[PDB]
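Reading the structure
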Number of protein chains: 2
Amino acid sequence: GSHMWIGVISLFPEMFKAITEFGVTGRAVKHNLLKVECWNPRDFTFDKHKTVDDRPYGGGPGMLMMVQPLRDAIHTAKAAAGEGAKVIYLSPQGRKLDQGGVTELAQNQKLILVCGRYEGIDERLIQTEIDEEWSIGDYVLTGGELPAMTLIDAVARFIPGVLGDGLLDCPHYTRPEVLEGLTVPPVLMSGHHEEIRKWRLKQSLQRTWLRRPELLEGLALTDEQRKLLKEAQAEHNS
Amino acid sequence: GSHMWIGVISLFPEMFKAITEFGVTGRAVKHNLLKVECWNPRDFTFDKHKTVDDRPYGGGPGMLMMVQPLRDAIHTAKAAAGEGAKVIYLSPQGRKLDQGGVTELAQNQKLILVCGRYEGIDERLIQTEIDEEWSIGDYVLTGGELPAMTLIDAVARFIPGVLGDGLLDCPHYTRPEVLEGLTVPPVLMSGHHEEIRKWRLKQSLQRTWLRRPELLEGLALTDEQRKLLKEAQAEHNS
Ligand SMILES: Nc1nonc1C(=O)NCc1ccc(Cl)cc1
Ligand SMILES: Nc1nonc1C(=O)NCc1ccc(Cl)cc1
């Protein structure tokens, strides 16, 4: 129904087997809920050695992706996608991805993801070919493929059929009842669904406050959430 | 010399071919600068169907990783690593990764990365087996493998031999001189190394100010950087 098509431009398309052949995303691909289609700039070269990098104007230690093979690969992906495809470039200079941004990106039925390698791509290609630039985090990687796969994995979770409040998750427990002397909180064994719900919510509120208090600032807590957070803060202060 | 060993606990170890077989990280592995060794909890099961998940106490829609196979895999990885290995769990509840955190993690000669699947792992395993919990970003993925590979890629860049100031990168240009009517900034063609350096720095300062002004707050700018940022802000205000 709400299946998603993702075109990828990458010098290493075989990396994408990590998401198309395994786990939840692998299942999504097999079931046609997600399609990932790759184009490799190396296939758009014409010289004997299939050159895909080029020297930066102004000098410097690094190389950039060569414009012509990359541009031709992007154009081919765009032609395959048809109308309505948003072209995304992954880099540390982009908009910071968070779950809200994931949900925004997931509204697209078609995306094209451009994966950089080496020390950059020509700025004029960003101006002329790229719709949006996004970053998965404030760290530097060797290429855009892992960020692209990260984005695909995150948006895939919103496609209906793929899976079976601003707070961190609560602790979870499974067998055995006692592990290294540590027991399961009795509330989780009580079978009281309402008590269990409130315990889990209180724990999420407490953990968010202690570990990521800035996340709480962005929330308008419900009356119930205000109460449970206040209880948690009181207990923390003994 | 400063080679790094990374042990990985994962239900899908073949995903890690994405970093061990391709690009800069692939080269690092071939050259013995980086070693990535995987253990699969499925191999530590004893039942006929090799069960690796289990039901959460207190109920709920999800499953957790089964404790015994996961615990045994972690212990085996620890035994292989010997003394000094830091055990890392990847999840959205962890410390937010940034380049500074990458450089901190890169000081370790040995890491063990635990990759979760399903809806969590038992909290008591985090308490008893995990040294540090880290997040690659405020979004939710289907498993910890992509975050683990992201971390590996980022820290690998600091291993000497693997590769050939708090600001966003500047624009880069390569051939052709004119692309879709857009020309290369004449300064980059001038061959004046000092003018080129200052242009690039000014551009990084301008881009950081416009796109990520909060990053500037964390910096103590040099006199030169203060001057170039002021120039950029003046030109932006016409
Ligand atoms: N952080 C991030 N969020 O998205 N992408 C990144 C990142 O570091 N990419 C590496 C990269 C990106 C472009 C080129 Cl040309 C080379 C390497
Ligand atoms: N964000 C992040 N930063 O590190 N990891 C993540 C993440 O979403 N992992 C998915 C995940 C983690 C543990 C388990 Cl049990 C299941 C799924």
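Report follows, based on the coordinates. (Residues numbered from 1 in each chain as written, not as in the entry; some residues may be left out. Chains lettered and ligands numbered in written order. Heavy atoms only, no water. Residues with missing side-chain atoms left out of burial classes, pairs and counts.)

Brief notes about the pattern of salt bridges
Residue and element names in this part refer to chain A. Applying the stated rule across the entire model yields 36 salt bridges over all chains. Between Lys 35 and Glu 37 there is a salt bridge, with the nearest N and O atoms lying 3.2 Å from each other. Residue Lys 35 is classed as partly exposed on the basis of its relative accessible area of 43%. Relative accessible area serves as the criterion here: at 26%, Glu 37 is assigned to the partly exposed category. (Salt bridge = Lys/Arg side-chain N within 4 Å of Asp/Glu carboxyl O. Buried < 20%, exposed > 50% of the residue type's maximum accessible area, 1.4 Å probe, protein only.)

Here's the deal with the interface of chain B and chain A
With 75 residues of chain B in contact, the opposing surface of chain A contributes 75 residues. Tallying contributions element by element places helix 5 (residues 123-129) of chain B first for the side of chain B that touches chain A, with 6 residues. Looking at the side of chain B that touches chain A, its residues break down into 36 nonpolar, 15 polar and 24 charged. (Contact = heavy atoms within 4.5 Å. Helix = DSSP H or I, 4+ residues; strand = E, 2+ residues; numbered from the N terminus. Nonpolar A, V, L, I, M, F, W, Y, C, P; charged D, E, K, R; others polar.)

As for the environment of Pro56(A)
Mapping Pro56(A) onto the fold places it in the loop between strand 3 (53-54) and strand 4 (64-65). Between the C-alpha atoms of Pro56(A) and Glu119(A), which are 63 residues apart in sequence, the distance is 9.3 Å. In contact with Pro56(A), other than residues within four places in its own chain, are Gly62(A), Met63(A), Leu64(A) and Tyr173(B).

Quick word on the relation of the copies chain B and chain A
When chain B is brought onto chain A, the operation consists of a screw motion whose angular component is 180° and whose axial shift is 0.0 Å, with 0.0 Å RMSD remaining. Overall, the copies show the geometry of a two-fold rotation axis. In this assembly the copies share their binding face: 100% of the residues contributing to the interface of chain B also contribute to that of chain A. (Least-squares fit on C-alpha atoms.)

Considerations on the sheet that holds strand 7 (residues 132-135) of chain B
Residues and elements named next belong to chain B. Sheet architecture is open: 5 strands sit in the order 2-1-6-5-7, paired in parallel fashion. Every other strand in the sheet has two partners, leaving strand 2 (34-39) and strand 7 as the edge strands with one partner each. Here the strands of the sheet are splayed against their neighbours by 35° on average, with no regard to which way each runs. Pairing between strand 5 (residues 86-96) and strand 6 (residues 110-114): 4 bridges, direction parallel. (Pairing = 2+ DSSP bridges. Axes fitted to C-alpha atoms, helices over the stretch in contact; angles between N-to-C directions.)

Observations concerning the site of ligand 1
Residue and element names in this part refer to chain A. Of all residues adjacent to ligand 1, which total 19 residues, the nearest are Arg 117, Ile 136, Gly 137, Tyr 139 and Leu 141. Taking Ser 91, its main chain carries an N or O atom lying 3.3 Å from an oxygen atom of ligand 1. Within the backbone of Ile 136, a nitrogen or oxygen atom sits 2.9 Å from a nitrogen atom of ligand 1. Elements represented by at least two residues in the shell around ligand 1 include exactly strand 5 (86-96) and strand 7 (132-135). Of the residues belonging to the shell around ligand 1, the class tally is 11 nonpolar, 7 polar and 1 charged. (Near = heavy atom within 4 Å. Polar contact = N/O pair within 3.5 Å; in protein donor to acceptor, adjacent residues only side chain to side chain.)

Some words on the site of ligand 2
Residues and elements named next belong to chain B. Lining the immediate environment of ligand 2, one finds 19 residues, of which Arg 117, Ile 136, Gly 137, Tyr 139 and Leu 141 sit closest. Contact between ligand 2 and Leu 141: an oxygen atom at 3.0 Å from a main-chain N or O atom of the residue. Broken down by secondary-structure element, the contributors of at least two residues to the shell around ligand 2 are strand 5 and strand 7. With 4 residues, the single largest contributor to the shell around ligand 2 is strand 5. Split by residue class, the shell around ligand 2 holds 11 nonpolar, 7 polar and 1 charged.

Notes on the state of the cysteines
All names here are of chain A. Counted under the stated rule, the structure contains 0 disulfides over all chains. Distance from the sulfur of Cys 38, which forms no disulfide, to the nearest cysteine sulfur (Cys 115) is 7.9 Å. Residue classification places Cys 38 among the partly exposed positions, given a relative accessible area of 30%. (Disulfide = S-S within 2.5 Å.)

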